[PDB]
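Take a look at the structure set out below.
Throughout, protein chains are lettered first and strands after them, A, B, ... in sequence-line order, and every chain is numbered starting at 1.
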Amino acid sequence: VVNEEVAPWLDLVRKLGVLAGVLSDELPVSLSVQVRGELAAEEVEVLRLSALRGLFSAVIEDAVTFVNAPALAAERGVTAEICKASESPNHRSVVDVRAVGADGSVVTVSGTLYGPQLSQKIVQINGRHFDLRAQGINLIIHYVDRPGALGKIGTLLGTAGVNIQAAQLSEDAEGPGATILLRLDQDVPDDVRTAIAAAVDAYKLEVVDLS
Amino acid sequence: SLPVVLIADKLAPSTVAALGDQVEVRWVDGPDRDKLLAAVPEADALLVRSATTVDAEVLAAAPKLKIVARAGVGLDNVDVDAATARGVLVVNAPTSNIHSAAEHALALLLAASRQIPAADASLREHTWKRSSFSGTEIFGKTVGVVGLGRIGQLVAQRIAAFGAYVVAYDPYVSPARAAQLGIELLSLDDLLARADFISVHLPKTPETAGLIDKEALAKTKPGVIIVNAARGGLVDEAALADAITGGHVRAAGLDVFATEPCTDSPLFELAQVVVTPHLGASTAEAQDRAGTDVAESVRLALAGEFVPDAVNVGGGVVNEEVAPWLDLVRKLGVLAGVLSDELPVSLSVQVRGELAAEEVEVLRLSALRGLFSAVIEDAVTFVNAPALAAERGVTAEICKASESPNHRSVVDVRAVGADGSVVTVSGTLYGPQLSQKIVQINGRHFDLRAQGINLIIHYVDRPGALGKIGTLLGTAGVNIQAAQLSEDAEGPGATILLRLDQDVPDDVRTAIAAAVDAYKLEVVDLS
Amino acid sequence: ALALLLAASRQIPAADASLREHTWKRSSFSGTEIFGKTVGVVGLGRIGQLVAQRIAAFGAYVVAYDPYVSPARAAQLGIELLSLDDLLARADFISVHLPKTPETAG
Amino acid sequence: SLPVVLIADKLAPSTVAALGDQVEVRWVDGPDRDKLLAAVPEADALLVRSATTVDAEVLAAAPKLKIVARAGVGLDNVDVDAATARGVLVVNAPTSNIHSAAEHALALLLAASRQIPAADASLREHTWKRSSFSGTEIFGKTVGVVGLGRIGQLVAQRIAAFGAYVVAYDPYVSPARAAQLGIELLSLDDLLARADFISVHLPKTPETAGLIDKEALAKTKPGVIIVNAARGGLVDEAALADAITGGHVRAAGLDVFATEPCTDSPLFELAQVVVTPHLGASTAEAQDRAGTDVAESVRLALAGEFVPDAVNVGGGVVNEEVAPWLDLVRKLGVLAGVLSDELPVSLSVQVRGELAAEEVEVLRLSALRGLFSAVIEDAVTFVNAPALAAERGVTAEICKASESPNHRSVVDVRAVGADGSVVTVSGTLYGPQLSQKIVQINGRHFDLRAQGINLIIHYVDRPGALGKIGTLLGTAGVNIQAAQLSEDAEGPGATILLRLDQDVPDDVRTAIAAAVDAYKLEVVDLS
């Protein structure tokens with residue numbers, strides 16, 4: 001039995017997996033799922049599968065099933081780990097999916113669920129904090145903070161007929177950079193991604209479907 | 001072992017008899033550094049006026065000091081930050097001068113309209129220039145009071161008995177309260193247009209400074225008489241001089257100056273401007289009231305009772321768990337105030353989650369302090385809730401709930417309007433540094449540093465709005481540190497909040513408004 | 001009458017003068033507060049009646065000497081009627097006025 | 001000589017320990033006439049529940065009786081008029097049942113939606129009819145609370161934790177207060193349309209009686225469940241029965257009946273209606289709270305202190321000069337309330353002239369009692385101002401002024417709205433009989449008996465209006481005793497007030513409105 005407390009997290013952690021993957025430039029060699037807070041008292045093994053399954057759909061043709069995935073990860077040299085800690089520093093419960101590349105680079109993505117609807121929310125990308133619905137087409141940009149930056153991103157999207165349903169932009173604690181997330185009403189043509197990316201000096205720019 | 005109360009400035013024992021006979025009162029020459037520092041070591045309480053300075057050095061030499069009390073209203077001679085840092089309760093006497101100061105405003109209004117000092121001078125010179133003078137009758141006239149706190153209220157009441165109609169401008173008094181006072185509340189523009197007399201009664205804050213400038217002085221009634229017994233440079237001194245000379249304002253009374261110790265204002269060369277050297281509180285009765293007020297405050301303090309005239313936090317008065325929440329809640333009040341169309345009648349402070357297990361009444365006061373900070377002076381952290389309710393018409397309450405939907409603890413500050421609408425703003429602290437985060441505004445969720453200059457825009461024209469907004473800000477040279485924006489759940493509206501690296505010029509505000517078609521455009525400094 | 005009571009109470013002329021000769025003698029002045037004091041009005045013809053109502057609004061108690069004024073009218077102006085002697089004993093401020101009976105005024 | 005406290009009904013000493021040891025408590029069998037009358041002569045205080053009747057005979061036999069206290073909420077068994085007449089303070093325990101009664105409303109809501117009594121009965125009969133039952137979930141549903149006083153507030157709060165949205169109808173709660181409660185205020189029509197559950201929480205007054213009739217029951221949502229744990233016939237019993245049978249309302253819970261001792265309601269023949277014999281307060285905890293409340297009240301009374309739970313006037317508590325002003329001021333509150341567009345946030349009571357020399361705080365309470373009398377029960381003359389402010393959002397203050405412009409003494413009751421507008425109504429007493437006169441409404445002056453049915457009309461079509469109004473009233477057979485009417489100082493409006501000899505039918509009201517083109521048409525009984 002997947003426990004009633006645990007079930008609603010499945011689809012979320014899958015999406016954190018999708019996110020950790022699209023956001024990794026190279027296929028990760030390790031995937032680590034950390035369960036913190038109230039959730040940590042449940043049986044969350046199945047969330048490791050969920051994350052992996054998410055990781056691999058973002059990379060491999062013909063999406064993975066649930067018993068399909070562990071062997072598929074092993075076969076591609078990806079190892080998975082799961083941690084459970086009662087202690088969560090901020091949210092009552094949060095899950096972090098951490099993907100480490102062969103070159104040692106790290107991507108963490110975190111999600112929670114709260115409210116009467118148990119709405120799924122993305123709440124961290126790499127130590128930047130957010131509260132955005134885990135749904136729809138989301139554009140992620142890590143860029144160089146110059147005057148004009150946010151405007152150029154907005155000008156180009158709008159110029160392309162692409163409407164922004166929500167968006168949140170945080171500034172790096174100790175960097176020259178900034179990272180924004182935008183939920184869009186439709187995909188962004190390649191040409192326009194390249195444009196956004198040159199207009200700001202994007203380290204990273206990805207679009208991901210969180211349906 | 002009776003607690004020691006050290007009087008460092010010139011307060012007589014009789015002034016201070018409200019301290020029990022349960023204490024040992026001593027006296028010291030406070031201005032004299034070596035004496036003060038020699039005597040302060042054994043002090044439990046330290047009372048002071050203005051001659052003595054209670055800076056860090058004094059505090060560091062006073063190891064068991066529990067209250068610093070200033071018999072007065074200014075806190076200029078007390079480093080309140082340092083006293084807070086060391087756990088020292090600071091107290092003053094905030095209503096001790098209101099009558100002597102109201103009366104002085106009235107004194108100046110009348111002296112100016114009847115040209116008293118000049119007349120008295122003409123007889124002093126041994127001549128009879130009766131024919132040359134010409135006063136202004138108050139009866140039947142309109143008097144504009146700018147700022148309706150305790151003193152402006154006292155002035156309104158006195159002036160009304162002269163058969164003047166009174167109007168006021170004060171966005172920090174509720175309409176019901178002004179109507180209880182029998183005072184009509186106006187836009188500053190409307191006050192300016194209508195007033196035969198203007199008396200200013202604002203505190204000095206950057207929101208206030210120079211309020212009445214050349215542009216304001218030009219909107220007044222020809223023949224107006226203006227009084228400022230309140231603060232520093234509320235009326236632009238040069239604009240005043242110009243309009244006096246030029247004829248437009250007939251007379252004026254000033255008791256306070258842009259920069260005090262002031263012996264050289266050009267206003268001193270105009271006969272039709274009555275001036276006085278910051279008298280207002282200069283009165284045996286006011287100086288006694290100060291002394292006896294502060295004496296009672298020290299009494300309660302030592303008796304381990306609640307000190308309503310507290311200006312700060314010190315002692316067990318706040319748990320270590322709660323302390324860091326004060327400043328954040330202050331900022332929720334500021335923000336709830338800014339997002340409100342007009343002054344809320346009440347603030348509902350809701351504490352949810354782990355925090356709810358704490359003793360959190362001080363937070364209700366923090367919310368109020370923030371809401372009202374456009375009319376509160378920097379040093380003061382605490383406000384007298386019962387006084388603020390009675391003076392201005394606004395209350396606060398606190399509610400607890402075990403459950404917090406998302407974060408372990410969250411505070412929500414619900415600002416409620418007379419008409420029943422609500423503006424909700426929430427925050428948390430989290431992490432090693434316990435950094436302050438704004439997490440909800442009106443059902444919208446996010447995670448933004450509670451700090452810096454923030455631009456908030458409610459608007460109706462959606463497509464490309466991010467583009468327009470960012471591009472105008474960026475063309476103005478304004479960096480955007482962070483941002484949150486979403487399309488309204490119901491209706492054609494959208495809302496963005498941006499943290500900026502500087503303020504936003506007025507023309508650019510107007511541009512942004514026009515471009516996204518805003519109905520609300522605000523900029524609050526969340527420091 | 002109010003203007004003068006206030007100008008004398010706060011030493012306005014002497015305080016305005018000191019400024020005009022470019023000195024800051026704040027510490028030389030020391031006014032008298034009206035609030036809560038007892039004001040004696042001598043004579044209650046109309047101007048005195050008006051003075052007393054204006055002074056009441058400063059939160060002062062008003063006594064007056066005028067033996068020909070309607071006692072009901074005095075009460076309505078919130079005035080306690082006294083003999084001249086008693087007024088003089090109790091008065092912190094005194095304003096003298098044309099009385100109701102024009103020159104039995106002493 | 002210790003004062004005697006006589007307990008005439010079944011209250012245990014422990015219930016009453018809040019009376020000091022400074023008193024001699026005795027007990028008597030109150031229902032037993034001869035015993036009661038034998039014991040009451042030495043009584044200083046008399047406590048009672050409901051079994052004993054404190055009528056004139058009892059009072060006349062109790063020469064030094066100072067308080068009659070009813071441990072409960074009803075005053076049915078106490079002749080309060082007679083006690084007032086003899087100077088006897090009457091007291092009850094007005095918040096002593098609110099929890100047990102809220103809980104019972106909830107009990108009934110749940111029992112009705114889950115068909116408990118019938119289910120329990122089916123198992124009692126030794127069969128398993130699980131398949132036949134079908135409950136109604138509360139989560140996510142809309143619950144309409146009709147009347148938002150203490151109990152409706154407690155019910156709203158309990159029901160909200162079940163994840164129901166709560167709406168209320170109560171014209172005697174301010175919007176700010178309802179919003180502090182997190183409750184949405186609605187017209188009765190809108191509540192009816194939206195509510196899946198309705199719980200009634202009105203007092204019985206003629207303004208209230210039968211509120212929810214056939215016409216209301218027909219506007220509700222199909223499938224609604226209705227509870228009345230409040231009062232008598234607030235929901236028309238026959239209309240209810242019809243709508244239950246007819247299907248439209250799914251279920252109901254009743255704890256009170258149009259005419260009690262009730263053993264024969266047709267509702268008792270419907271399974272889908274849960275009924276209980278006026279339990280609600282029937283609880284050890286509620287009966288104890290009553291006893292200990294009333295005991296404290298008696299304590300304060302004897303200690304010559306202020307009794308907040310007073311229901312009336314007795315003793316020196318009111319000067320002989322002031323006494324006759326109570327009733328008139330009550331009527332100024334009623335009228336200020338009626339002439340107000342919506343509930344004022346505060347009443348400013350201004351006492352001018354000779355009266356201002358008196359001690360007149362009770363008048364501020366009289367004004368409140370009048371303002372709120374649509375939700376106050378007859379016997380009660382006094383209201384608990386602090387309680388009413390906290391529960392409903394409305395305050396009162398009193399101001400004095402030596403001068404009265406015209407009459408020797410006048411009271412003005414200023415009703416102030418949240419938006420700052422003011423409605424002013426004044427009265428005097430004058431003459432041998434000290435007859436009560438209404439003398440001003442909103443700057444208009446006149447002299448009209450404060451008595452009888454009065455029609456007030458604000459209207460915009462002036463020429464011939466007197467003709468139209470009088471002719472319609474007269475065709476309806478309505479005599480006009482007195483009248484005052486004037487054309488508004490500024491604008492196209494006019495105002496008439498008429499004292500009539502009976503009420504005015506609804507069609508004739510509509511006719512008058514149409515004919516003079518009214519915006520305000522009201523009829524208040526100024527008895």
Over 12 foreign heavy atoms within 6.0 Å of [atom1], [X]:
X        : atom1 : answer
B:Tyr165 : OH    : no
C:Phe93  : CZ    : yes
C:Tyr68  : OH    : no
C:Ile47  : CD1   : no
B:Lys129 : NZ    : yes

Which atoms of C:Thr32 approach chain B - backbone, side chain, both or neither, heavy atom under 4.5 Å: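 The answer is both parts of C:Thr32.
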task: Pick one of side chain, backbone, both or neither for C:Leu5, based on which atoms fall under 4.5 Å of a heavy atom in chain B.
output: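 Neither; nothing under 4.5 Å.
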Quick one: what part of [X] sits under 4.5 Å from any heavy atom of chain C, side chain, backbone, both or neither?
X        : result
B:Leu270 : backbone
B:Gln287 : neither
B:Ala281 : backbone
B:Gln157 : backbone
B:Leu267 : backbone
B:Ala271 : backbone

Any donor-acceptor pair under 3.5 Å from C:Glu33 side chain to B:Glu285 backbone: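 Between the backbone of B:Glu285 and the side chain of C:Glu33 there is no qualifying donor-acceptor contact (under 3.5 Å).
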task: Give a yes or no on whether the backbone of B:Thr276 and the side-chain of C:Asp16 come within a donor-acceptor separation of less than 3.5 Å.
output: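 Not a single qualifying donor-acceptor pair exists.
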Check [X] against [Y] and note the closest heavy-atom contact, atom names and distance.
X        : Y        : result
B:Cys262 : C:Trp24  : O-CE3, 3.3 Å
C:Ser30  : B:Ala284 : OG-N, 4.4 Å
B:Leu108 : C:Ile12  : CD1-CD1, 3.8 Å
C:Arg26  : B:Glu260 : NH1-OE1, 4.4 Å

message: Counting heavy-atom pairs closer than 4.5 Å to chain B, which one of C:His22, C:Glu21, C:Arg10, C:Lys37 comes out on top?
response: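 Of C:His22, C:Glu21, C:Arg10, C:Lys37, C:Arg10 has the most heavy-atom pairs under 4.5 Å with chain B.
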message: If we define contacts as heavy-atom pairs under 4.5 Å, which of C:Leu19, C:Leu6, C:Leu2 has the most with chain B?
response: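 Heavy-atom pairs under 4.5 Å are most numerous for C:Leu19.
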query: What distance separates B:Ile138 CD1 from C:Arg54 CZ, expressed to the nearest 0.5 Å?
result: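 Answer rounded to 0.5 Å: 9.0 Å.
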message: Working to the nearest 0.5 angstrom, can you tell me the gap between C:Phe35 CZ and B:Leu154 CG?
response: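 These two atoms lie 8.0 Å from each other.
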query: Which members of residues 234-244 of chain B, sorted by number, sit under 4.5 angstrom from chain C on a heavy-atom basis?
result: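 Hits under 4.5 Å: none found.
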